[PDB]
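A lone chain, given as C-alpha cells: the form deposited without this ligand.
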C-alpha cells in the first residue's frame, strides 16, 4: 500500500483496485447484532464531541459556525466517506487541533478586518490543490516511515488527552454547582442554571461512575464463563448500549434533581442567520475580500493539510495494524483525498473540515473486532456501521425528544470507558506497566527476552520524555506546532536511537508486526 510506483495517481488507482473488489462483502458482513451495538456506541461517541465542539465553535466565533453546521458537515462527510473510502472503520469528525486552528484563524481575521467564513472558503480552496498534488505524486507513501514508535506515542498521548478532558468536564461540573450548606431554592433555569444547585455535582459523579462501572463489568462479562455463549456474547457486545440505557433510566426516575442533558438545535438552519447563508461568496459577503488573502491563504492551508494528513494517516496506520487481523486492506491515498477534498468542499458552504479522529476510529474498530477462544479473530470490516452512524448524527436534530433525556454524565462515563479501552494494543502502555513490575513477572515477548531490562526501561523512558514534551506543547498557546514536534520523533527513532541502541534491540522494541527480528 505504501509502495511508490512512479505513476501519476498510481497509489490512488491501486487503493481503488485493492478495496472496491470487496464491495459486496462490505454490506453483507454487517448483518450481525454486534454491528448494531457498534452503531449505537459510535453514534454517541461521535454525536457528543460534535455537540460540544459545535457549542464551543459557536461561542468562540459568534455562531458563524455552530452546532448545526458541524452536525450537517459530520453527517454528509461521514456518509460520503463510508460509501467511498477504502477504510470504512474510520470515523470522520471534528478534533481539538481543528478547534485551536479555528480560534487562531478567527482571531487573525478579527484583527485584520477580514471575513472569517470567506477566509475559510479560500483555505478550503487551497486545501484541494495540495491534496490533489500529494495524491498525484503519491505523497502518502511517506507514511511508511511512521513506525510503531510514533504511532504509539501519538495514540497514547491522544488517549491521555481524552481521559484528561473527560475528568476536567466533571471538575467543571463540580465548579459550577459546588457543595454548599445553603442554596437559593429559586434559581433561573433558562438557558442554563444561573447559580449553583443542590445534588447536581454529586449525581453527575454518580451517573458517570455508574456508567463506566457497568460498561467495564459488561466488558468483563463478554469474556466471562457465565450464561450460554451466544447469549453471553450478544449481551457483552451490547455492553455500552445497556449501560447507557440503565443510567438514562436511573436519571429519568429522579425528577427533582437537575442534571445537564444533551442539547441539539431546533432545525437544519445556520447558527447565525444574520451572519452568513448556506453558501459563502468567495469574493466577500459584506466587504470586498482582499486579493492578497486569496494568495496568503496557502500557508494556513498548508498547516491545515499537515494537521489533517498526520491525524488521518496515523489513525489509518493504527486501526490497520496487521496484528488486528485486517485482511481487507487500507488505502492511504484514497482516504486522504476524500477527507481533505470533502473538507475543502464543505469550506465553500461555511462548514468545518473533518479528519479521522484517533479515539473514535479505534473505538469503532474495537467494537467491530471479534475475540477468539484473548486472541483477535476477525474484524467486521464493512461500510454499514459508519454510514448509519453518520445518518443518525445528521438525524440528531429530528430525534430531540430522545436525546433531551440523556445526561452528559452518562456520556462522560462512556468517554472514560473509550479512553481506558483504547490502551489495549499499545506496546508503550505495556512497557510503562513494566516500569512498576519486577523483572521476573515480565511476559514472554520479543522486546523482553532479547533486551536487557534496564535497556527496555531506558527505551520506555525516552518515549516518556517525548510524551511529556508533546503534552507541555499542547498546554501552550503554540499548540498548533504539535504535528511538527510529533514528526520530530521520526528522526529520533531512525537516527539518534541507532547511536545508543543495537539493531536487534531496536528490532525487538520497535517492530512492524510484533516479531522477534
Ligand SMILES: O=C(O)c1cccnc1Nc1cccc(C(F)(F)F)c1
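Positions refer to the first chain, counted from 1.
A second form of this protein, the form solved in complex with this ligand, is not displayed here; the remarks below concern that form.
Colleague: Would all three of 152, 324 and 425 be in contact with this ligand in the bound PDB entry, where contact means some heavy atom lies within 4.5 Å?
Modeller: Not one of the three qualifies.
Colleague: Choose from 363 to 371, 155 to 163, 85 to 93, 378 to 386 the stretch whose residues reach within 4.5 Å of this ligand in the bound PDB entry, heavy atoms counted.
Modeller: So the stretch in question is 155 to 163.
Colleague: In the bound PDB entry, does residue 55 come within 4.5 Å of this ligand, counting heavy atoms only?
Modeller: No.
Colleague: Is residue 138 part of the interface with this ligand in the bound PDB entry - any heavy atom within 4.5 Å?
Modeller: Residue-level check for residue 138: no, no contact with this ligand.
Colleague: When the contact criterion is heavy atoms within 4.5 Å, does residue 300 count as touching this ligand in the bound PDB entry?
Modeller: Answer no; every heavy atom of residue 300 is more than 4.5 Å from this ligand in the bound PDB entry.
Colleague: Just checking whether residue 307 would be counted as a contact of this ligand in the bound PDB entry - the rule being heavy atoms within 4.5 angstroms.
Modeller: Yes, residue 307 sits close enough to this ligand in the bound PDB entry that at least one of its heavy atoms falls within 4.5 Å.
Colleague: So which of 448, 35, 480, 492 gets a non-hydrogen atom within 4.5 Å of this ligand in the bound PDB entry?
Modeller: None of the others qualify; the residue that does is 480.
Colleague: Of 198, 284, 97, 193, which one comes within 4.5 Å of this ligand in the bound PDB entry, counting heavy atoms only?
Modeller: Looking at 198, 284, 97, 193 one by one, just 97 meets the 4.5 Å heavy-atom criterion.
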